[PDB]
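What follows is one structure encoded as structure tokens, with my remarks underneath.
All heavy atoms count here, side chains included; hydrogens, waters and symmetry mates do not. Proteins get letters first, then strands, A, B, ... in listed order; numbering begins at 1 in each.
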Protein chains: 2
Amino acid sequence: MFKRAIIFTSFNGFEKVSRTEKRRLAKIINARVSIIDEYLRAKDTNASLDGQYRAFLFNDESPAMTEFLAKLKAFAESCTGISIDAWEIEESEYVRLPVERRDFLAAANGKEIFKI
Amino acid sequence: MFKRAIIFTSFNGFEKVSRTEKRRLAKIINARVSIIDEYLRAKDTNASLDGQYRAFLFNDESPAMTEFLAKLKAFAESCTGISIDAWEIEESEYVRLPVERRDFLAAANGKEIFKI
């Protein structure tokens, strides 16, 4: 029940992504990133947000994950210029993936949560 | 072989910039500011760092320009509150630019390196 939430955020090209929308999405991400995985931190920039995988560790028995994902889902529904894809994968299953290219391979081997 | 690295540092407004972050960026900049070039020297203040161009002379036969650009990029990536744009221009082209707004014009006429 330890699972990685793999989110792929991208700019879909059908609308300009505004400063407020980049800020909001980087804020949502950074409310879950702690001092121990600073490497998942986001900036409100194209380079940080457009075309990037982030894999967050979640224990699904807790309502954290489900709350995190609903913020994401509702935000992506509010923002036509940003697509968000999300997959859950068992952590036990994830730790044994190749170190290089890992997040894409987890997303192809994972359960589709949503796809906005 | 002689080039200028043009850098534009700014506080992007996503996050507060701490004093230690200001000092760390000033220290990275000042590693390439000798005692002769006091005009380039970075202070740990908004006036000195927030919204300022600086143009560093380099000889591209040395790896010094690349290691400094690497240290800058790494800093900007880990500090959510600071943006750094970097361009490169030929020294012969840099000295035939008008003196006023030269670094601005050099950035305009320059080859883009990163925007983090």
Quiz item: Does CZ belonging to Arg54(B) count more than 12 external heavy atoms closer than 6.0 Å?
Solution: yes
Self-check item: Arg41(B) bridged to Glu38(B) by N-O distance under 4.0 Å
Solution: yes
Self-check item: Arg4(B) side chain vs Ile89(B) backbone, donor-acceptor pair below 3.5 Å
Solution: no
Exercise. Indicate yes or no: does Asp60(A) engage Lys3(A) in a salt bridge with an N to O separation below 4.0 Å.
Key: yes
Exercise. Would you confirm whether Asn30(B), through its side chain, and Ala26(B), through its main-chain N or O, come within 3.5 Å as a donor-acceptor pair?
Key: yes
Quiz item: Could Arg24(B) and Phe75(B) be counted as a cation-pi pair, given that NZ or CZ must be under 6.0 Å from the ring centre and within 45° of the axis?
Solution: no
Quiz item: Between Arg96(A) and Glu93(A), is the closest basic N to carboxylate O distance under 4.0 Å?
Solution: no
Practice problem: Report whether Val17(B) and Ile29(B) are members of the same hydrophobic cluster (ILVMFWY, side-chain heavy atoms less than 4.5 Å apart, transitive linking). | Solution: yes
Exercise. Report yes or no: do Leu25(B) and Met65(B) belong to one cluster of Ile/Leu/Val/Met/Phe/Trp/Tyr joined by side chain heavy-atom distances under 4.5 Å?
Key: yes
Quiz item: Counting only heavy atoms not in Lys27(B), do more than 12 fall under 6.0 Å of its NZ?
Solution: yes
Practice problem: Please test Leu72(B) against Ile84(B) for side-chain contact (heavy atoms from CB on, under 4.5 Å), starting from the C-alpha separation and ending with a verdict. | Solution: CA-CA 8 Å; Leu72(B) 281 169; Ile84(B) 310 199; 3.9 Å; yes
Quiz item: Can you tell me if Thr9(B) uses its side chain to pair, donor with acceptor, with the backbone of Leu49(B) under 3.5 Å?
Solution: yes
Quiz item: Between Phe104(B) and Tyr53(B), what is the ring plane arrangement, given parallel below 30°, perpendicular above 60°, and tilted in between?
Solution: perpendicular
Practice problem: Determine yes or no for a side-chain-to-main-chain donor-acceptor pair under 3.5 angstrom, with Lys73(B) supplying the side chain and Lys115(B) the backbone. | Solution: no
Quiz item: Taking the six-membered ring for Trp, are the ring centroids of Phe68(B) and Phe56(B) within less than 6.0 Å of each other?
Solution: yes
Quiz item: Hey, are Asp44(A) and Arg23(A) close enough for a salt bridge, meaning a charged N less than 4.0 Å from a carboxylate O?
Solution: no
Quiz item: With no hydrogens and no angle check, is any side-chain donor or acceptor of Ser10(B) less than 3.5 Å from a backbone partner on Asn12(B)?
Solution: no
Quiz item: With distance as the sole criterion, is a donor-acceptor pair present between the side chains of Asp103(B) and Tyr94(B) under 3.5 Å?
Solution: yes
Quiz prompt | From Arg32(A) atom CZ to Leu69(A) atom CG, the distance as rounded to the nearest 0.5 Å | solution = 11.5 Å
Quiz item: Between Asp50(B) and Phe11(B), is there a donor-acceptor pair closer than 3.5 Å when you use the side chain of the first and the backbone of the second?
Solution: yes
Quiz item: Shared ILVMFWY cluster between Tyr39(B) and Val33(B), side chains joined below 4.5 angstrom?
Solution: yes
Quiz item: Side chain of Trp87(A), backbone of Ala107(A): donor and acceptor closer than 3.5 Å?
Solution: yes
Exercise. Starting at OG of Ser48(A), measure out to NZ of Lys22(A) and round the result to the nearest 0.5 Å.
Key: 11.0 Å
